[PDB]
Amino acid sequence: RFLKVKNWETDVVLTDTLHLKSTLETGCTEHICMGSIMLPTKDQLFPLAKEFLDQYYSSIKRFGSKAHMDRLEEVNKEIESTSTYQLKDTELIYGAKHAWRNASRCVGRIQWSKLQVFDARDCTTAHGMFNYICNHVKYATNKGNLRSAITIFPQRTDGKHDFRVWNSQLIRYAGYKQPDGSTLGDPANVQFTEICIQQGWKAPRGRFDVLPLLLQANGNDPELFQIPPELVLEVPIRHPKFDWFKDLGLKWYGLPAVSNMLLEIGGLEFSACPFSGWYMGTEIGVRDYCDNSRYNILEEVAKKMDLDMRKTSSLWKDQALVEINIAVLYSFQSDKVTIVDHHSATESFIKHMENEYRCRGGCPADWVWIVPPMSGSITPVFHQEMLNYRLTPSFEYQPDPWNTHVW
């Protein structure tokens, strides 16, 4: 019931007690581990509010204070009457920061306390959401000196008045299925792109077209908006040694801004809460560029390098992979856009993990997601045992709005 994690490279053992606070279910059982699976009322509400308010008030050294008891009383009174309750600004900020802190799949959590929270609960329309999102993008981008931020739209009421950003990220490239059978652009984004077109987006049918925003306010029908091109910082990708690399025509955007997750705080649900940090290089160079179902550029790069691609054992894929990732890091650095390499990031996570065990009694972490998609065991996280469990406040997945939307 008191759990130990070992690092097999350093022999450092840490003891976890934080897991006992856990409330949500993992998907695993005593008979089966599902660690590698990607997606495993007033009565409901008050214990959740109470649980949250208790940790909030404990965080500010006022547990068992009159202010705590008063707040609990007021929220309770508000739940009985209104069926829901409104978070104080202090509580919302605490909750958002803690959702990030609790994100067991996030390697960048050493940064968790430095998050700019934009309260957009006064938003009523999709043009309003657009304005808030442009402001987030500009603030977060900061001319390449990225700053973590989240923008929080009104909370779910009855489920028929949901605010939703339909895009999976604020900035992402379109995908088009060709008659020649191939895929133009980002294969990941074909279905959403088509939905943009149905709703009226006039597509330029390129390889790197920044998608428009599809914004849904108050459970109303979603509307299209285009982000000002001047607010979308992008980076042409070149290699510090291969002069030919720029001829590949590759580029990526600076700001990773995830917009399809659900933020849960004190039982309240925020279905539209786009957030952003900065990239770890492997997200672009390994996954975006080299996944077979993404831009899948390994073959092309390999050929330009004149590698022996006859046999797997020449490790031509591995060689090309490293070079692509060198170029990504080189390009962002050269243009002064914040990025972190997988070595620095994982090294930071180990130190964060040790802080959290020391100061909080643990750190929920999903090894399958924390270990980078290249060079796993030369990063320190590979050798670090981790316990995965679900704490609240949390970021959750939610269904894509189109499957759900009553048009």
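Residue positions are given as counts along the sequence shown, with the first one as 1. Basically, rigid core = biggest C-alpha set you can superpose within 1.5 Å across the two forms.
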Of 113 to 121 and 159 to 167, which departs more from this form in 7 other deposited structures of this protein by CA RMS after core fitting: 159 to 167
Core-fitted comparison in 7 other deposited structures of this protein, 176 to 184 vs 268 to 276, farther C-alphas: 176 to 184
Interresidue gap class [residue 64, residue 65; deposited sequence, unmodelled]: none
Of 274 to 282 and 174 to 182, the stretch whose C-alpha atoms average the higher B-factor in the entry: 174 to 182
Stretch with the higher entry mean CA B-factor, where the candidates are 365 to 373 and 55 to 63: 55 to 63
Residue selected from 23, 388, 15, 384 by maximal Cα B factor: 23
Of the residues 293, 125, 141, 82, the one carrying the largest Cα B-factor as recorded: 82
CA B-factor ranking of residue 70, expressed as a third of its chain: highest
Among modelled residues of the same chain, the CA temperature factor third for residue 356: middle
Residue 240 - Cα temperature factor, lowest/middle/highest third of chain: highest
Chain thirds of CA B-factor: placement of residue 45: highest
Third of chain Cα B-factors occupied by residue 311: highest
